[PDB]
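Colleague: based on what follows, work out the 3D shape:
(3 chains, ligands or ions: 6)
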Amino acid sequence: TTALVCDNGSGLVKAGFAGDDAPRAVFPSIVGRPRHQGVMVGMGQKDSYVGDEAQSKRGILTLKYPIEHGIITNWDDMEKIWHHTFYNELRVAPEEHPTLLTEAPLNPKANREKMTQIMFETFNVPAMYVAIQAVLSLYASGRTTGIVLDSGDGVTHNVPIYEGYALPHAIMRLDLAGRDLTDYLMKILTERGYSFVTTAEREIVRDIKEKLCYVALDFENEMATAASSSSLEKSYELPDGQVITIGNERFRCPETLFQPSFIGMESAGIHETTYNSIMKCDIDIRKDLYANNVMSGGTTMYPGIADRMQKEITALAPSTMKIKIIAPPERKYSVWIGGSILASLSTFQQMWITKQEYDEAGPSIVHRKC
Amino acid sequence: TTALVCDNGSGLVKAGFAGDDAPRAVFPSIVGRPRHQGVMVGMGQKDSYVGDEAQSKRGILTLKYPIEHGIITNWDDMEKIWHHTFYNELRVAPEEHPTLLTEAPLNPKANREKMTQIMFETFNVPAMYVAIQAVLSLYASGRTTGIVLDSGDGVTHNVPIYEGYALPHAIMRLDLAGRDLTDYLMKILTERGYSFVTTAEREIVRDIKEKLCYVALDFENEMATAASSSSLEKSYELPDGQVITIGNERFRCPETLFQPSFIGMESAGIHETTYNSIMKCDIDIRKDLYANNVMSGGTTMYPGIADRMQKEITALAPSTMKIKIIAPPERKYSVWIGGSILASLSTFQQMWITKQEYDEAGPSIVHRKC
Amino acid sequence: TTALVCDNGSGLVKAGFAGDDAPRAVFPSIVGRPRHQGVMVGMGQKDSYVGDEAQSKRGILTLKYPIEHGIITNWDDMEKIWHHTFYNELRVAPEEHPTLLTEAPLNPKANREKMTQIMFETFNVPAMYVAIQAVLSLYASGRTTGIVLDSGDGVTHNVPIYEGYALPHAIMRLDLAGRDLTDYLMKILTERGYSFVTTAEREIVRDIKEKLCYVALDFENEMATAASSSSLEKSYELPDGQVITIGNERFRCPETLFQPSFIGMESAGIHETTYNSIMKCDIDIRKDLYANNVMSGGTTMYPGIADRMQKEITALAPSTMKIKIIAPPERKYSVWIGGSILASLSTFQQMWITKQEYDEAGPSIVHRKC
Ligand SMILES: Nc1ncnc2c1ncn2[C@@H]1O[C@H](COP(=O)(O)OP(=O)(O)O)[C@@H](O)[C@H]1O
Ligand SMILES: Nc1ncnc2c1ncn2[C@@H]1O[C@H](COP(=O)(O)OP(=O)(O)O)[C@@H](O)[C@H]1O
Ligand SMILES: Nc1ncnc2c1ncn2[C@@H]1O[C@H](COP(=O)(O)OP(=O)(O)O)[C@@H](O)[C@H]1O
Ligand SMILES: [Mg+2]
Ligand SMILES: [Mg+2]
Ligand SMILES: [Mg+2]
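Modeller: Numbers count the residues shown, from 1 in each chain, chains lettered A, B, ... in the order given. Ligands and ions are numbered 1, 2, ... in the order given. Next comes the structure:
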């Protein structure tokens, strides 16, 4: 009778059971299909690969992400992803496990309705629920009041909560996250002569970004430092043994979070978005929001991002405001951890969307229960 | 109901039954016709000789190869060859044996279509199939990943397969193989005063090449070694008792595979062709191609060719790539062995081109079934 | 005091003086070196040939292209090319002529820096400038708004400009162009029995492609038409008098621009790349980009390419968008014509990189002036 927690991000699936501290399985949410011709008979050559097996065979596949900026764009591939999650990774039967799902705020309603319908009809779950990922990150923190910035592969969002009450008019959503940083790193890696163009070579660039990239405390000083000397240059070995070297692409890629105009966007950086979200809240709750800046997600995992956020929000806010950025070492899984905490609570047990409620009230049950 | 496997190379016919480990018969694919005048009545003096009987009587015949660089140029002589194979060597009736045939990649389509037509009309086979020889060579080695370098009398070709998927854009074909090496050995044997000019004397030079020639690990060092001393000189006894001696023609002949400019070709050597074929494949599959270099065919049978290929590809590839050359002792028949393995599989039984498909869909069935 | 305009493409050099309507000289950017042995004394047998003289003597040379996908890979041969351009074709002294050079977008920075250094040190130009070829193509058409699809021997690129402002985040670059089409035509010409393998025979195949190839309005219909009848077959006479015939290779070769998977690439066709470039631009500027599709370069010179681009972009775009493809009859020289127009303007005269700026600011002047 244990509940399931599935955190469907744009880039990774974090799935497990409620009551744990880490997910069962964490695998990329990709579906790969062969793009060359098979010449050997049989071999169990399947027509599509999901998750880690698609990354294993990615040299002969075309990798597709069913989720795009927090929105599911391919629903057959997403059913493939969910079937993989339930049967090959969790190795469970979804007929007896309530499933907690997550979603970004300010998302299309059809996304939520269709997840509800697929859970209740394709996978026959007894109950389900869709929770906002930033509220779950606050549950993982253990703090009732915080402003949460969640940055994932697809979306960056700010949700300010005070005493357990959210201020939905102050919620920010920015469609700039890890995948845009990967694409920008590809583009600026072309400057040194490195050409990554295929979907399989997007994973190599994502690995380069996760290993070698960091957030500069002061961008212009680091640009001058990289110009003067090669102290910031690091090498990376490609899957075929070729070695690439990057000097200032290491901090130019994550700078797009603070200067979105690098990729041609008109928006403000994550620091200015956070400050604007705080300033749309009530004046009496702003001090507690300044002191509680919870960062979650994999795009907040850069070395130096918390210090840079500290510096920028301190510059924006008054001098008597006491700015703290809470960046737990496990913030790459804060949404899943908070979802496990929430699904394990006794008070939450009356808040599931039951199967009978779905049957006798339609998929639109999800907008008024969640 | 057993299937036939006929490997028609430019130089030799390898024919047998599926399920065996070696072909029934291996004979030269030559048709000899007398060039002098008959003076004795009768004797069963036939107008043409095929296979081993043409080599037996080659002193009074003009030997012709119906296949030239993997392409059948004389179709009447090729029907003679196939009739010999079926009736005098296999001693079977082709009306009840499906026949698996082999062909080099990047070959004229008319070649394949006309083999299909002759099999289905002249020999009345119940079914047939044309397979690429490098895929068959990969079947024999028992693996589904690797780049195959197949060298025969007529063509040398590279086909990279990964997980059973071929990359047809990375397939190389080089029209330099054993027959070009035989001709070059004739030409450079003229340097010591030995004149072989006739088609029958081409077989003597081919025998010299198969017995005395080897691949030098370092060409310039071996050239210096042969210049300094006579330690590399070996003798060969001609059919009439004359003894010839060759010192550096032993490794100068096979060096044409690595330096095609010896015979006036502009192409790259087999090592550089293999490296170029690997580098036209996806970056994620290159490590497994480096570690799996399958060599098949009779022109890869030189002493020291695998070590030289190891050395050259190691020089071309990065230092962290782990280069292996797989050169089985039976690689002179890898194509036939793999064809037997393929024709014996149960999954392949639905992939034959049946007689009815040919009748009601034309000879062009072979491009979309094979 | 007239300025020079040198359009260095991967395949051809277009050089001339600013203010003209056509370049002085258009010759292949190849350097040929003899591959056989000289037996006649003297003759002025030079060790290397550049341009038209290499194509004249290509039967005894190995032709090398110093530019490869818009990137200069051999710099000594490129200095040979530039010296030829300046002294044997333009017959000028570069010490008193500012030189305008062109480059593809998303190119290595070392390419631009080394062209700047060689111009300012080897050829002693008073000033120089490197311009993006698509902006120059937009100069030639006399408009300041439109998305340019420039296809050359080495690179195909999309650059959307609106009101004179470029959107660098929407710039596409595809490393598929005329040379890849020539190689594909060689590969599929092997199907009818025609074997072109040498670098000199690459020019014959390029001539065949330029004379006999066209873009099919509907590929499958043309494939059916070529299968049914021989109405699409045309003959071509080789330099030695042999006549070759091609039926569907005529439109199968240029189809690789719309189906890059023909040569094993994962990218999208030029139509889908153009649509994707338009859709990464602001919603308010998309109507003017749809109506202004400037095509330039020699690979856009196929019969029927503009109509096919019209059809495909119309299929992709909404029905109320008004799609025009602007394909001037002189679009093979749009980059050079636009460069001449730009170098002749009075406003541009303050935008040269002067010699003193180079001397006292390094070769890195080119990234912040251009
Ligand atoms: N150590 C790291 N440094 C920088 N970026 C990272 C790191 N680890 C993961 N990422 C990025 O975070 C993204 C995945 O974060 P995640 O929270 O799983 O997103 P989602 O919730 O959308 O799945 C990926 O795009 C990856 O590039
Ligand atoms: N031991 C050997 N050493 C060198 N060359 C050999 C040897 N044995 C055979 N060959 C060459 O290999 C060629 C035959 O190889 P094979 O694989 O039968 O070619 P094909 O498939 O074209 O018939 C002949 O030209 C012969 O000269
Ligand atoms: N009439 C034509 N039809 C098709 N292709 C052509 C034609 N004329 C030239 N080309 C191709 O265009 C390329 C040269 O175009 P160009 O604009 O000069 O390129 P670059 O700017 O790279 O020199 C050559 O590869 C040639 O094959
Ligand atoms: Mg997330
Ligand atoms: Mg063979
Ligand atoms: Mg050009």
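
Colleague: alpha carbons only for contacts and neighbour counts from here, please
Modeller: OK.

Colleague: contacting residues for the residue in chain A that chain C sits nearest to?
Modeller: Residue nearest to chain C within chain A: residue A:191 (4.5 Å; Cα to the nearest Cα). Applying Cα atoms under 8 Å, 6 or more residues apart in numbering or on different chains, we find residue A:191 in contact with C:106, C:107, C:108, C:109.

Colleague: mind giving me TSV with those and columns for secondary structure, neighbour count and distance to residue B:235?
Modeller: Converted to TSV, these look like this (DSSP: H, G, I helix; E, B strand; the rest coil; neighbours: other Cα atoms under 10 Å in any protein chain shown; distance: Cα to Cα, whole Å):
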residue	secondary structure	neighbour count	distance to residue B:235
C:106	coil	20	63
C:107	coil	20	60
C:108	coil	20	59
C:109	helix	15	61
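
Colleague: what's the distance between the residue of chain A closest to chain C and ligand 4?
Modeller: Distance of residue A:191 to ligand 4, given as Cα to the ion, to the nearest Å: 31 Å.

Colleague: distance of that residue relative to residue A:201?
Modeller: Relative to residue A:201, residue A:191 is positioned 16 Å away (Cα to Cα, to the nearest Å).

Colleague: also residue A:287?
Modeller: Separation of residue A:287 from residue A:201 (Cα to Cα): 45 Å.

Colleague: between those two, who's got more neighbours?
Modeller: The residue with more neighbours, out of residue A:287 and residue A:201, is residue A:201; 20 against 14, by other Cα atoms under 10 Å in any protein chain shown.

Colleague: helix, strand or coil for the more buried one?
Modeller: Secondary structure, DSSP: H, G, I helix; E, B strand; the rest coil: residue A:201 is helix.

Colleague: domain map for chain A?
Modeller: Domain assignment for chain A by CATH domains of a matching chain gives A:1-27+A:69-134+A:334-367, A:28-68, A:135-181+A:271-333, A:182-270.

Colleague: how about those domains, which one is nearest ligand 3?
Modeller: Between ligand 3 and these, the shortest gap by Cα to the nearest ligand atom is with domain A:182-270, which sits at 18.6 Å.

Colleague: report the distance from that closest one to the chain centre.
Modeller: Its chain's C-alpha centre and that of domain A:182-270 lie 20 Å apart, by Cα atoms, centre = their mean, to the nearest Å.

Colleague: same check on stretch A:92-104?
Modeller: Distance, stretch centre to chain centre, for stretch A:92-104: 19 Å (Cα atoms, centre = their mean).

Colleague: mind checking if that stretch is in reach of ligand 1?
Modeller: No: for stretch A:92-104 and ligand 1, the contact criterion (Cα under 6 Å from any ligand atom) is not met; the two come no nearer than 9.4 Å.

Colleague: and that stretch, which residues are buried?
Modeller: Using 16 or more other Cα atoms under 10 Å in any protein chain shown as the test for burial, stretch A:92-104 gives A:94, A:97, A:98, A:99, A:100, A:101, A:102, A:103, A:104.

Colleague: which one of the residues you listed is nearest residue B:352?
Modeller: Taking Cα to Cα as the measure, residue B:352 lies nearest residue A:94 of the buried residues of stretch A:92-104, at 43.8 Å.

Colleague: get me the contact residues on the stretch 1-150 of chain A for ligand 1.
Modeller: Within the stretch 1-150 of chain A, the residues that sit near ligand 1 (Cα under 6 Å from any ligand atom) are A:9, A:10, A:11, A:12.

Colleague: these two touch, right, the first one and residue A:68?
Modeller: No: because the distance of 9.2 Å does not satisfy Cα atoms under 8 Å, residue A:9 is recorded as not touching residue A:68.

Colleague: now do the shared contacts for the two.
Modeller: Joint contacts of residue A:9 and residue A:68 (Cα under 8 Å, 6+ apart) are residue A:154.

Colleague: show me what contacts the residue nearest to residue A:125 when sequence neighbours are not counted?
Modeller: Leaving aside its sequence neighbours, residue A:125 sits nearest to residue A:95 (Cα to Cα, 6 or more residues apart in numbering or on different chains; 4.8 Å). Applying Cα under 8 Å, 6+ apart to residue A:95 gives the contacts A:123, A:124, A:125, A:126.

Colleague: farthest-separated two in the residues of the stretch 1-150 of chain A next to ligand 1?
Modeller: Put simply, by Cα to Cα the two of these set farthest apart are A:10 and A:12, 6.2 Å from each other.

Colleague: what sits in contact with each of those two?
Modeller: A:29, A:153.

Colleague: the two: who's more crowded?
Modeller: residue A:10 (24 against 20).

Colleague: ok, the more buried one touching residue A:74?
Modeller: No: if you go by Cα under 8 Å, residue A:10 and residue A:74 don't touch, sitting 12.0 Å apart.

Colleague: from the contacts of residue A:95, which is closest to chain B?
Modeller: The closest of the contacts of residue A:95 to chain B turns out to be residue A:123 (Cα to the nearest Cα; 32.2 Å).

Colleague: what number of residues lie near the closest one?
Modeller: Residue A:123 has 16 neighbours, counted by other Cα under 10 Å.

Colleague: residues contacting it?
Modeller: Residue A:123 sits in contact with A:94, A:95, where contact means Cα under 8 Å, 6+ apart.

Colleague: that one is in what secondary structure piece?
Modeller: Using DSSP states H and E, residue A:123 sits within no helix or strand.

Colleague: quick check: the gap between it and residue C:201.
Modeller: 61 Å.

Colleague: one more: residue A:230?
Modeller: To residue C:201, residue A:230 is 46 Å away according to Cα to Cα.

Colleague: helix, strand or coil for the residue lying farthest from the centre of chain A?
Modeller: When distances are taken from the C-alpha mean of chain A, residue A:41 lies farthest, 39.7 Å away, according to Cα atoms, centre = their mean. Recorded secondary structure, residue A:41: coil (three-state DSSP).

Colleague: for residue A:223, phi and psi?
Modeller: Main-chain torsions, residue A:223, degrees, to the nearest 10: phi -60, psi -40.

Colleague: what sits against it?
Modeller: Contact analysis of residue A:223 by Cα under 8 Å, 6+ apart lists residue A:248.

Colleague: again, but for residue A:100
Modeller: The neighbours of residue A:100, taking Cα under 8 Å, 6+ apart as the test, are A:3, A:4, A:5, A:6, A:128, A:129, A:130, A:131, A:339, A:343.

Colleague: bridged to the third one, which residues?
Modeller: Per DSSP bridges, the residues bridged to residue A:5 are residue A:16, residue A:100.

Colleague: got a list of what it touches?
Modeller: A:15, A:16, A:17, A:18, A:99, A:100, A:101, A:336, A:339, A:340, A:343.

Colleague: cutoff 6 Å now
Modeller: A:15, A:16, A:17, A:99, A:100 (Cα atoms under 6 Å, 6 or more residues apart in numbering or on different chains).

Colleague: quick one: it from residue A:88, how far?
Modeller: To residue A:88, residue A:5 is 16 Å away according to Cα to Cα.

Colleague: the last one too?
Modeller: Per Cα to Cα, residue A:343 is found 22 Å from residue A:88.

Colleague: again with residue A:217
Modeller: Using Cα to Cα, we find residue A:217 at a distance of 43 Å from residue A:88.

Colleague: about what we covered before: what would the contacts of residue A:95 look like in a markdown table with distance to ligand 2?
Modeller: Below are the contacts of residue A:95 laid out as a markdown table (distance: Cα to the nearest ligand atom, whole Å):
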| residue | distance to ligand 2 |
| --- | --- |
| A:123 | 56 |
| A:124 | 59 |
| A:125 | 61 |
| A:126 | 64 |
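
Colleague: who's in contact with the helix or strand harbouring residue A:180?
Modeller: Secondary structure from DSSP H and E places residue A:180 in helix A:178-189. If you take Cα under 6 Å, 6+ apart as the criterion, helix A:178-189 is touched by A:152, A:153, A:206, A:253, A:299.

Colleague: with adjacent residues omitted, what lies nearest to the residue of the stretch 51-200 of chain A at minimum distance from ligand 5?
Modeller: As assessed by Cα to the ion, ligand 5 sits closest to residue A:60 within the stretch 51-200 of chain A, at 27.6 Å. Leaving out its chain neighbours, the residue that sits closest to residue A:60 by Cα to Cα, 6+ apart is residue A:34, at 5.7 Å.
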